[PDB]
Amino acid sequence: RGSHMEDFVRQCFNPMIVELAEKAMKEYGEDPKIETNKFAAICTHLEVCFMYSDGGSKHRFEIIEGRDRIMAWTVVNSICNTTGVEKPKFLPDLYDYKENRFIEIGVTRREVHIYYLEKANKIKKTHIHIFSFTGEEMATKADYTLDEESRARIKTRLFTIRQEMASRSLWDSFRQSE
Ligand SMILES: O=C(NCCOc1ccccc1)c1nc([C@@H]2CCCN2C(=O)CSc2ccccc2Cl)[nH]c(=O)c1O
Ligand SMILES: [Cl-]
Ligand SMILES: [Mn+2]
Ligand SMILES: [Mn+2]
């Protein structure tokens, strides 16, 4: 039972992202063949996390997302036990060695302010950075970590993804799936 959305995800995202996404959902008991919008959302978030860590200097970011849950907590333990930063209650996506804070990266198909609130209500010290499929962004204390060009090409890619699904009539299903 193979959807259009699943075939589009495999042709739209690079194979390392797709496989990390697949491992992730299976690890949490989800099927990329069925929960195809989530499949698409996971790849998107993953690609945004990787572009984001690429925007800094060489050694600036540790990448927490995309790892096995046990190994992700292992690295945050090490980060915490060497920088003296409080251990987050939930797994974040990155750690910033320059600013010494964990980052939760968000990608939403709804309005900037709500997901941040939803995200901030659940987080309760880590930095939050939200990106939209429309090109809006919001970060904690209005501190956006990266320079403008790095975030700009993230927004550019999100909108390209938007168009590629719209041209395949899959955008409507994806927007109202969140
Ligand atoms: O790391 C995360 N979860 C760890 C576990 O995730 C899986 C992995 C596979 C299957 C089920 C959960 C994480 N999760 C969330 C949302 C809200 C909290 C649970 N959640 C989700 O299940 C939505 S899947 C999602 C959707 C859009 C963007 C990104 C993602 Cl991951 N959003 C994030 O930005 C994020 O990093
Ligand atoms: Cl930098
Ligand atoms: Mn994450
Ligand atoms: Mn995230």
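Just so you know, ligand 1 is whichever comes first in the structure, and atom 1 is the first atom listed for that ligand. Along the sequence shown, residues carry numbers from 1. Excluded from the calculations below are hydrogen atoms, water molecules and symmetry mates; all remaining heavy atoms, backbone and side chain alike, are included.
Between the side chains of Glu99 and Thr145, no donor-acceptor pair of N or O atoms lies under 3.5 Å.
Distance OG/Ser132 to CD1/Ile154: 12.0 Å, rounded to 0.5 Å.
Residues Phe61 and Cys49 are not in side-chain contact: their nearest non-hydrogen atoms beyond the backbone lie 4.5 Å or more apart.
The Mn ion (ligand 4) is closest to atom OE2 of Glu104 (considering only N, O or S atoms). For the Mn ion (ligand 4), the nearest N, O or S atom contributed by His45 is named NE2. In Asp93, the N, O or S atom that comes nearest to the Mn ion (ligand 3) is OD1.
The existence of a salt bridge linking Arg168 and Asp7 is excluded, since no basic side-chain nitrogen approaches an acidic carboxylate oxygen closer than 4.0 Å.
Not one N/O/S atom of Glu65, from backbone or side chain, sits under 2.8 Å from the Mn ion (ligand 4). Checking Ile105 against the Mn ion (ligand 4), an N/O/S atom falls under the 2.8 Å cut-off. Here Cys49 fails the criterion, with no N, O or S atom under 2.8 Å of the Mn ion (ligand 4).
Ring orientation note: the planes of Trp171 and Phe174 are tilted relative to one another, at an angle of 30° to 60°.
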